[PDB]
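Engineer: The following block contains the structure, expressed as structure tokens.
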Amino acid sequence: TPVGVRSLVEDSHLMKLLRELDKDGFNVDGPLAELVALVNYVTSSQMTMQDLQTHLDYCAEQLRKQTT
Amino acid sequence: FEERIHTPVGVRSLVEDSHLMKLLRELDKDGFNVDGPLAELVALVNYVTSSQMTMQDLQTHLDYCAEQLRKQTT
Amino acid sequence: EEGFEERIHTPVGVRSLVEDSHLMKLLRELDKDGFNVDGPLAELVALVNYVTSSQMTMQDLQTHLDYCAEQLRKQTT
Amino acid sequence: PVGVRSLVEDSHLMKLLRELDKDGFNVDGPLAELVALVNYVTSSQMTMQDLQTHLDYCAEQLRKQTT
Amino acid sequence: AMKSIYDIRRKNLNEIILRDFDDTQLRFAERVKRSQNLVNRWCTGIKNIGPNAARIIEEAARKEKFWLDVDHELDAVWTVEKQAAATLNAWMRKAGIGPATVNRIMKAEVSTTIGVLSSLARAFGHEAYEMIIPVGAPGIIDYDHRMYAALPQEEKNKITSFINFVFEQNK
Amino acid sequence: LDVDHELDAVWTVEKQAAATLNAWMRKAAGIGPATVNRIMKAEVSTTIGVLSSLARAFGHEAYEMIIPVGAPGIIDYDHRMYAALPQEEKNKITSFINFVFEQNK
Amino acid sequence: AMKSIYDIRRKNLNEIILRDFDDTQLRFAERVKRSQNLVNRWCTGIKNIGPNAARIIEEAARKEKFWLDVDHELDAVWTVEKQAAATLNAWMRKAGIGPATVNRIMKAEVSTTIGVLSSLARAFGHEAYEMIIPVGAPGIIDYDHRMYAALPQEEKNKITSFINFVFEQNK
Amino acid sequence: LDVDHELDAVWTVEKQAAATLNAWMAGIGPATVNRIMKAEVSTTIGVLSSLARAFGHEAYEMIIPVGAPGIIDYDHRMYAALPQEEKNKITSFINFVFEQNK
């Protein structure tokens, strides 16, 4: 569910796994960079969708008045 | 009446039969050529039919777009 | 010569009807000769205003749909 | 956008997680998450593309009414 | 595309002949005093209904002036077997054959099997489900199949998905 | 493969009748005849009169079971549900299709 | 809902006043032969403009009948110191002299420092920027400030991002 | 803190002129101007005005604050230049955003 995916933004199990592995001495910054992109994408993509929501709501409100 | 006709219900009411469509049809009877006048009313009424349909059509697509965005959000 | 109604099919023609159509010309001098055409005059007021108004909403939506698709572009392109 | 879509099918993390699974360490939690995040990229992109089609339709109808 | 006047005129011409003259172009040809071919060309759309005909049509159709020019869209609201041969008969019209299998004439007042119809139909080249229904309202055959076939699958889903959505918003 | 993704980079009439009827469950058809309700195996060729009653029972009609829905140029939609639509909504479906056709050259 | 007739008449009346009879509504009051108190309550929106007054206004405006009811939008589509003084003058209409915290208050000549300007403005529960606003407020965006402050930050960003896009599409 | 965290959300006049001019990247006197950017002095409204035009902007723009109420944060120069019909789109949208709460 999307509620789950939004919660994957901050401190996922993948996040908790990747951090302790970096402390051991092997460079996981390549992998760590990838999770950053996706997690930011979740945030950003969800920000845009809600922005569209408001604007379609607005468009539908103007249409309602002219037709009803 | 004046508020009625200014409601969308009222502007749609003018499509089929309005006093102006009654009025213009009487003037034509006497030999006055209302080609110019009558061709405009028809256009005005046809824009009312046409734009109301488009708006209803856009209404359908926006609720489709909103339907999908819910599922991605919800 | 070229026709009358071919221009009036276009929205450029319908918008031009907003102020001073031949129908506007017609009803006003008819009023000046003593018959009450306020009813008819009012009907043309509603339609012409609707043209203005509906055209205004559509451009407004034009702007908002451009906005929505500008944001969509970024996320998918 | 191209980069995040590329993560879908072939990513270092998906290779990484598939190497850790063989050891005996159960990565069901971490692996289930990646799949979802990845699936969200396919899903959200198809929807956005879908919305792109309908806004362009809506824009088309308005142009005809306005032009 | 958004309607020209010819569209509305013809649409109104079409509805008149149905609702006043029984959807037969000759009965209106008789009242309007014009050739049934010209009438057919207007109805089919092959010829744009002129301004003058539109007035003559209104006279002939007993309609008030410019009614034909006005869009009235907001105005308010048989056997399988014999049609299988009626289709086949109309499809014969282009002998008793029947080049592949068959030898059923066919009378078509008896129920035939879908295999025989399928074998009959592809003789003409057409499918077996055509033309099973007279109303035709149940289906969009308007679209060119080639154009739909050519669409990437991704574009099909959009088409089908919007259809399904329209279905649920009504009933 | 628990990973749902739609992109990497960038037959005869009797079997269709059996398939379409297999789809109309989830949504005992005798009622009428109980003989036919083994058609699912596609071993028999039903007559059009009986298939019509094996459609008209559902409120659907005969042809809907025998349309080659799998064909690329045949849209998969419920034909009975499209019949009942107002012309306004029929036009909306037709209008979007032709738009989508004009896109993609 | 958006644009009733009273609102249209009001806009056309203000247009007439701004266009023809320029600054003062007293000058239309003279030509229309009606109280300037009445002419003022039409313009600002307190009293709506009825059927009879509309034509009277038109008759007084030298326009044709129902022009006032017709929306004409489709066609439609200085010193800082003296301002700070004239603002402080107009703020003295609505504390009264003496205030506190400052003296040397000269109005006409001096170009005060923004700190004092602020101390003068803030003493009236206002801000310094308001004192130095241009003739007409073109960049302002009138709104209720309490309500914008009350919006969630997510709703603020949606408002602000839209404006910028609007700017971009206009340059 | 690398990722966005957006979903989880969360003064004097001379300091504003410091920020808003720093935000704004004859020209009368250089040292006069070189002081203003780190505050340290209070400028006159007459000098405030002529300085603003250098960028195409007005006087009040540089000393206008952005607290919670007045943080409708936009370029005034750009807004002033808009046609009226399009200004209407902004205020219609804003006033709709209000209504979506209560």
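Ordered as shown in the structure tokens, chains take letters A, B, and onward, while each chain numbers its residues from 1 and ligands are numbered from 1 in the order shown.
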Over all C-alpha pairs taken in order, what is the RMSD once chain E has been least-squares superposed onto chain G?
Structural biologist: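 Rounded to one decimal, the C-alpha RMSD is 1.7 Å.
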Engineer: Tell me the residues of chain B close to chain E, meaning within 9 Å using only C-alpha atoms, as a ChimeraX atom specification.
Structural biologist: /B:12,15-16,25,28,38-39,42-43,45-46,49-50,60-61,64
Engineer: The selected residues should be written to file as an mmCIF file, in the first residue's frame (atoms: C-alpha atoms).
Structural biologist:
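File written: out_32.cif
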```cif
data_model
loop_
_atom_site.group_PDB
_atom_site.id
_atom_site.type_symbol
_atom_site.label_atom_id
_atom_site.label_comp_id
_atom_site.auth_asym_id
_atom_site.auth_seq_id
_atom_site.Cartn_x
_atom_site.Cartn_y
_atom_site.Cartn_z
ATOM 1 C CA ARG B 12 -29.573 26.481 -21.594
ATOM 2 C CA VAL B 15 -31.378 27.074 -26.788
ATOM 3 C CA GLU B 16 -34.746 25.674 -27.895
ATOM 4 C CA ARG B 25 -39.376 34.648 -36.450
ATOM 5 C CA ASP B 28 -39.007 37.544 -40.945
ATOM 6 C CA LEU B 38 -30.818 34.997 -37.163
ATOM 7 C CA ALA B 39 -27.463 33.464 -38.160
ATOM 8 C CA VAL B 42 -28.126 30.175 -33.930
ATOM 9 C CA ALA B 43 -24.351 30.443 -33.470
ATOM 10 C CA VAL B 45 -27.203 28.913 -29.082
ATOM 11 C CA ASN B 46 -24.926 26.392 -30.834
ATOM 12 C CA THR B 49 -24.874 23.453 -26.703
ATOM 13 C CA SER B 50 -21.288 22.860 -27.774
ATOM 14 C CA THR B 60 -15.681 13.233 -17.153
ATOM 15 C CA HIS B 61 -11.917 13.303 -17.789
ATOM 16 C CA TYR B 64 -11.032 10.027 -14.219
#
```
Engineer: Within 8 Å of range 44-50 of chain A, counting only C-alpha atoms, which residues show up once you throw out same-chain ones fewer than 2 positions away? Write them as a VMD selection string, please.
Structural biologist: (chain A and resid 40 to 42 52 to 54) or (chain B and resid 69 73) or (chain C and resid 71 to 72 75) or (chain D and resid 44) or (chain H and resid 7)
Engineer: Would you pick out the contacts of residue 13 in chain F at 9 Å or less, using only C-alpha atoms, so that residues sharing its chain but fewer than 4 positions from it are not included, and give the list as a ChimeraX atom specification?
Structural biologist: /E:114-115,118,128 /F:17-18,45,65-68
Engineer: Which polymer residues have any atom within 7 Å of an atom of residue 82 in chain F, counting only C-alpha atoms, with same-chain residues fewer than 4 positions away left out, as a VMD selection string?
Structural biologist: (chain E and resid 138 to 139) or (chain F and resid 78)
Engineer: I need the chosen residues saved as a short mmCIF file (atom, residue, chain, number, x, y, z; two decimals), in the first residue's frame, with N, CA and C atoms.
Structural biologist:
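The resulting file, selection_33.cif, is reproduced below:
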```cif
data_model
loop_
_atom_site.label_atom_id
_atom_site.label_comp_id
_atom_site.auth_asym_id
_atom_site.auth_seq_id
_atom_site.Cartn_x
_atom_site.Cartn_y
_atom_site.Cartn_z
N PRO E 138 -24.98 -2.01 -29.40
CA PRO E 138 -24.07 -2.64 -28.45
C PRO E 138 -22.56 -2.49 -28.70
N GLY E 139 -22.15 -2.08 -29.89
CA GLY E 139 -20.74 -2.07 -30.24
C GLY E 139 -20.19 -0.85 -30.96
N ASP F 78 -17.13 -4.74 -22.32
CA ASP F 78 -18.45 -5.35 -22.19
C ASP F 78 -19.44 -4.65 -23.12
#
```
Engineer: Applying 10 Å and only C-alpha atoms, which residues near residue 28 in chain C remain after dropping the ones on its own chain fewer than 4 positions away? List them as a list in words.
Structural biologist: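 Here the qualifying residues turn out to be residues 23, 24, 32, 33, 37, 38 and 41 of chain C; 64, 65 and 66 of chain G.
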Engineer: Could you pull out the helix (DSSP H, G or I) residues of chain D from DSSP and send them as a ChimeraX atom specification?
Structural biologist: /D:2-9,12-20,28-66
Engineer: For chain H versus chain G, which residues have an atom no more than 7 Å away, and what is each residue's nearest atom pair and distance in Å rounded to one decimal, using only C-alpha atoms, chain-then-number order, as JSON lines?
Structural biologist:
```
{"residue": "H:13", "atom": "CA", "partner": "G:115", "partner_atom": "CA", "distance": 6.5}
{"residue": "H:42", "atom": "CA", "partner": "G:113", "partner_atom": "CA", "distance": 6.2}
{"residue": "H:43", "atom": "CA", "partner": "G:113", "partner_atom": "CA", "distance": 5.4}
{"residue": "H:44", "atom": "CA", "partner": "G:113", "partner_atom": "CA", "distance": 3.9}
{"residue": "H:45", "atom": "CA", "partner": "G:111", "partner_atom": "CA", "distance": 5.7}
{"residue": "H:46", "atom": "CA", "partner": "G:111", "partner_atom": "CA", "distance": 5.4}
{"residue": "H:59", "atom": "CA", "partner": "G:132", "partner_atom": "CA", "distance": 7.0}
{"residue": "H:60", "atom": "CA", "partner": "G:129", "partner_atom": "CA", "distance": 4.5}
{"residue": "H:63", "atom": "CA", "partner": "G:129", "partner_atom": "CA", "distance": 5.8}
{"residue": "H:64", "atom": "CA", "partner": "G:129", "partner_atom": "CA", "distance": 5.3}
{"residue": "H:68", "atom": "CA", "partner": "G:149", "partner_atom": "CA", "distance": 4.7}
{"residue": "H:69", "atom": "CA", "partner": "G:149", "partner_atom": "CA", "distance": 4.2}
{"residue": "H:70", "atom": "CA", "partner": "G:145", "partner_atom": "CA", "distance": 6.4}
{"residue": "H:72", "atom": "CA", "partner": "G:160", "partner_atom": "CA", "distance": 6.8}
{"residue": "H:73", "atom": "CA", "partner": "G:160", "partner_atom": "CA", "distance": 6.6}
{"residue": "H:74", "atom": "CA", "partner": "G:160", "partner_atom": "CA", "distance": 6.9}
{"residue": "H:76", "atom": "CA", "partner": "G:139", "partner_atom": "CA", "distance": 4.6}
{"residue": "H:77", "atom": "CA", "partner": "G:139", "partner_atom": "CA", "distance": 6.5}
{"residue": "H:78", "atom": "CA", "partner": "G:167", "partner_atom": "CA", "distance": 6.1}
{"residue": "H:79", "atom": "CA", "partner": "G:139", "partner_atom": "CA", "distance": 5.2}
{"residue": "H:80", "atom": "CA", "partner": "G:139", "partner_atom": "CA", "distance": 4.3}
{"residue": "H:85", "atom": "CA", "partner": "G:77", "partner_atom": "CA", "distance": 6.2}
{"residue": "H:90", "atom": "CA", "partner": "G:163", "partner_atom": "CA", "distance": 6.3}
{"residue": "H:94", "atom": "CA", "partner": "G:159", "partner_atom": "CA", "distance": 6.2}
{"residue": "H:98", "atom": "CA", "partner": "G:147", "partner_atom": "CA", "distance": 6.9}
```
Engineer: Emit the selected residues as an mmCIF file, in the first residue's frame, including C-alpha atoms.
Structural biologist:
```
data_model
loop_
_atom_site.group_PDB
_atom_site.id
_atom_site.type_symbol
_atom_site.label_atom_id
_atom_site.label_comp_id
_atom_site.auth_asym_id
_atom_site.auth_seq_id
_atom_site.Cartn_x
_atom_site.Cartn_y
_atom_site.Cartn_z
ATOM 1 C CA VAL H 13 14.283 46.424 8.954
ATOM 2 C CA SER H 42 19.970 52.514 8.298
ATOM 3 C CA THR H 43 19.251 53.785 4.765
ATOM 4 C CA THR H 44 16.889 56.604 3.765
ATOM 5 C CA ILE H 45 13.691 55.948 1.784
ATOM 6 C CA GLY H 46 14.804 58.344 -0.964
ATOM 7 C CA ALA H 59 11.433 50.560 -2.649
ATOM 8 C CA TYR H 60 8.951 48.706 -0.429
ATOM 9 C CA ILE H 63 11.981 46.314 3.267
ATOM 10 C CA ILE H 64 8.834 44.167 3.002
ATOM 11 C CA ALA H 68 3.762 33.860 8.430
ATOM 12 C CA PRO H 69 1.051 36.247 7.108
ATOM 13 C CA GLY H 70 3.049 38.253 4.553
ATOM 14 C CA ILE H 72 3.239 35.073 0.114
ATOM 15 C CA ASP H 73 6.699 34.952 -1.384
ATOM 16 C CA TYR H 74 6.791 36.168 -4.963
ATOM 17 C CA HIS H 76 6.404 41.838 -7.282
ATOM 18 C CA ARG H 77 8.017 43.173 -10.472
ATOM 19 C CA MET H 78 6.781 40.104 -12.382
ATOM 20 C CA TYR H 79 3.272 40.309 -10.852
ATOM 21 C CA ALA H 80 2.819 44.047 -11.609
ATOM 22 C CA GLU H 85 -7.166 38.561 -16.643
ATOM 23 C CA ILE H 90 -3.770 33.895 -9.097
ATOM 24 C CA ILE H 94 -5.480 31.494 -3.672
ATOM 25 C CA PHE H 98 -8.438 28.974 1.486
#
```
Engineer: Give me the residues within 8 Å of range 7-12 of chain C as a list in words, counting only C-alpha atoms and dropping any in the same chain fewer than 2 places off.
Structural biologist: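 Residues meeting the cut-off are residues 40 and 43 of chain B; 3, 4, 5, 14, 15 and 16 of chain C; 65, 66 and 67 of chain D; 4 and 5 of chain E.
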Engineer: Under the rule that only C-alpha atoms are counted, which of G:41, G:136, G:51, G:23 is the nearest residue to residue 3 in chain B?
Structural biologist: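 Smallest distance to residue 3 in chain B is found for G:51.
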Engineer: So how many Å separate CA of residue 35 in chain D and CA of residue 27 in chain A, to one decimal?
Structural biologist: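 Going from CA of residue 35 in chain D over to CA of residue 27 in chain A, I get 23.1 Å.
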Engineer: Compile the residues of chain F that lie within 8 Å of chain D, evaluated using only C-alpha atoms, and express the compilation as a list in words.
Structural biologist: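 Filtering chain F at 8 Å from chain D with only C-alpha atoms gives residues 2, 3, 4, 5, 6, 7, 8, 96 and 99 of chain F.
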Engineer: Please write the residues from the selection above to a file, keeping N, CA and C atoms, as a PDB file, in the first residue's frame.
Structural biologist:
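What follows is the written file again_5.pdb:
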```pdb
ATOM      1  N   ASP F   2       8.024 -11.126  -8.109  1.00  0.00           N
ATOM      2  CA  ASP F   2       6.969 -10.398  -7.393  1.00  0.00           C
ATOM      3  C   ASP F   2       7.059  -8.901  -7.734  1.00  0.00           C
ATOM      4  N   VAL F   3       7.736  -8.606  -8.841  1.00  0.00           N
ATOM      5  CA  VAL F   3       8.072  -7.254  -9.245  1.00  0.00           C
ATOM      6  C   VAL F   3       7.287  -6.955 -10.527  1.00  0.00           C
ATOM      7  N   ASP F   4       6.161  -6.256 -10.377  1.00  0.00           N
ATOM      8  CA  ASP F   4       5.270  -5.924 -11.501  1.00  0.00           C
ATOM      9  C   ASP F   4       5.782  -4.753 -12.339  1.00  0.00           C
ATOM     10  N   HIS F   5       6.217  -5.033 -13.567  1.00  0.00           N
ATOM     11  CA  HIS F   5       6.706  -3.980 -14.461  1.00  0.00           C
ATOM     12  C   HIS F   5       6.368  -4.215 -15.925  1.00  0.00           C
ATOM     13  N   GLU F   6       5.861  -3.162 -16.562  1.00  0.00           N
ATOM     14  CA  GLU F   6       5.365  -3.237 -17.929  1.00  0.00           C
ATOM     15  C   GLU F   6       6.370  -2.719 -18.960  1.00  0.00           C
ATOM     16  N   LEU F   7       7.648  -2.632 -18.587  1.00  0.00           N
ATOM     17  CA  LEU F   7       8.673  -2.161 -19.519  1.00  0.00           C
ATOM     18  C   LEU F   7      10.097  -2.541 -19.095  1.00  0.00           C
ATOM     19  N   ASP F   8      10.914  -2.924 -20.079  1.00  0.00           N
ATOM     20  CA  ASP F   8      12.320  -3.279 -19.859  1.00  0.00           C
ATOM     21  C   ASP F   8      13.218  -2.070 -20.146  1.00  0.00           C
ATOM     22  N   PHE F  96     -12.513  10.051 -27.380  1.00  0.00           N
ATOM     23  CA  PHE F  96     -11.194   9.732 -26.829  1.00  0.00           C
ATOM     24  C   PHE F  96     -10.411   8.755 -27.713  1.00  0.00           C
ATOM     25  N   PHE F  99      -8.980  10.524 -30.676  1.00  0.00           N
ATOM     26  CA  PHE F  99      -7.875  11.342 -30.201  1.00  0.00           C
ATOM     27  C   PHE F  99      -6.621  10.496 -30.052  1.00  0.00           C
TER      28      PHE F  99
END
```
Engineer: Based on only C-alpha atoms, which of the residues in chain C come within 12 Å of chain D? I want them as an NGL selection string.
Structural biologist: :C and (9-15 or 51-52 or 54-77)
Engineer: Tell me the residues of chain F close to chain B, meaning within 12 Å using only C-alpha atoms, as a list in words.
Structural biologist: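 That gives residues 87, 88, 89, 90, 91, 92, 93, 94, 95 and 96 of chain F for chain F.
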Engineer: Hey, can you spit out that residue selection with N, CA and C atoms as a JSON list (two decimals), in the first residue's frame?
Structural biologist:
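Final output, saved to result.json:
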```
[["chain", "number", "residue", "atom", "x", "y", "z"],
["F", 87, "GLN", "N", -26.16, 8.40, -25.38],
["F", 87, "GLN", "CA", -25.36, 8.84, -26.51],
["F", 87, "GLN", "C", -24.23, 9.79, -26.09],
["F", 88, "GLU", "N", -24.49, 10.63, -25.09],
["F", 88, "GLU", "CA", -23.50, 11.56, -24.57],
["F", 88, "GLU", "C", -22.23, 10.81, -24.12],
["F", 89, "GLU", "N", -22.41, 9.68, -23.44],
["F", 89, "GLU", "CA", -21.28, 8.89, -22.94],
["F", 89, "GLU", "C", -20.66, 7.99, -24.02],
["F", 90, "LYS", "N", -21.49, 7.49, -24.93],
["F", 90, "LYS", "CA", -20.99, 6.83, -26.14],
["F", 90, "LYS", "C", -20.05, 7.75, -26.92],
["F", 91, "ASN", "N", -20.46, 9.00, -27.10],
["F", 91, "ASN", "CA", -19.66, 9.99, -27.82],
["F", 91, "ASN", "C", -18.34, 10.28, -27.12],
["F", 92, "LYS", "N", -18.37, 10.32, -25.80],
["F", 92, "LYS", "CA", -17.16, 10.52, -25.01],
["F", 92, "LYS", "C", -16.14, 9.39, -25.20],
["F", 93, "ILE", "N", -16.63, 8.16, -25.33],
["F", 93, "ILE", "CA", -15.77, 7.01, -25.58],
["F", 93, "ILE", "C", -15.20, 7.08, -26.99],
["F", 94, "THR", "N", -16.07, 7.33, -27.96],
["F", 94, "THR", "CA", -15.66, 7.48, -29.35],
["F", 94, "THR", "C", -14.70, 8.66, -29.56],
["F", 95, "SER", "N", -14.92, 9.76, -28.84],
["F", 95, "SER", "CA", -14.08, 10.96, -28.99],
["F", 95, "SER", "C", -12.66, 10.74, -28.51],
["F", 96, "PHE", "N", -12.51, 10.05, -27.38],
["F", 96, "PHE", "CA", -11.19, 9.73, -26.83],
["F", 96, "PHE", "C", -10.41, 8.75, -27.71]]
```
Engineer: Compute the set of chain B residues within 10 Å of chain C, using only C-alpha atoms, and express it as a VMD selection string.
Structural biologist: chain B and resid 1 to 8 10 to 15 18 to 24 34 to 48 51 to 52 55
Engineer: For CA of residue 107 in chain G and CA of residue 120 in chain G, determine how far apart the two atoms are, in Å to one decimal place.
Structural biologist: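 Computing the Euclidean distance for CA of residue 107 in chain G and CA of residue 120 in chain G yields 11.7 Å.
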Engineer: Looking at A:3, A:9, A:39, A:17, which one is nearest to chain B, with distances taken over only C-alpha atoms?
Structural biologist: A:3
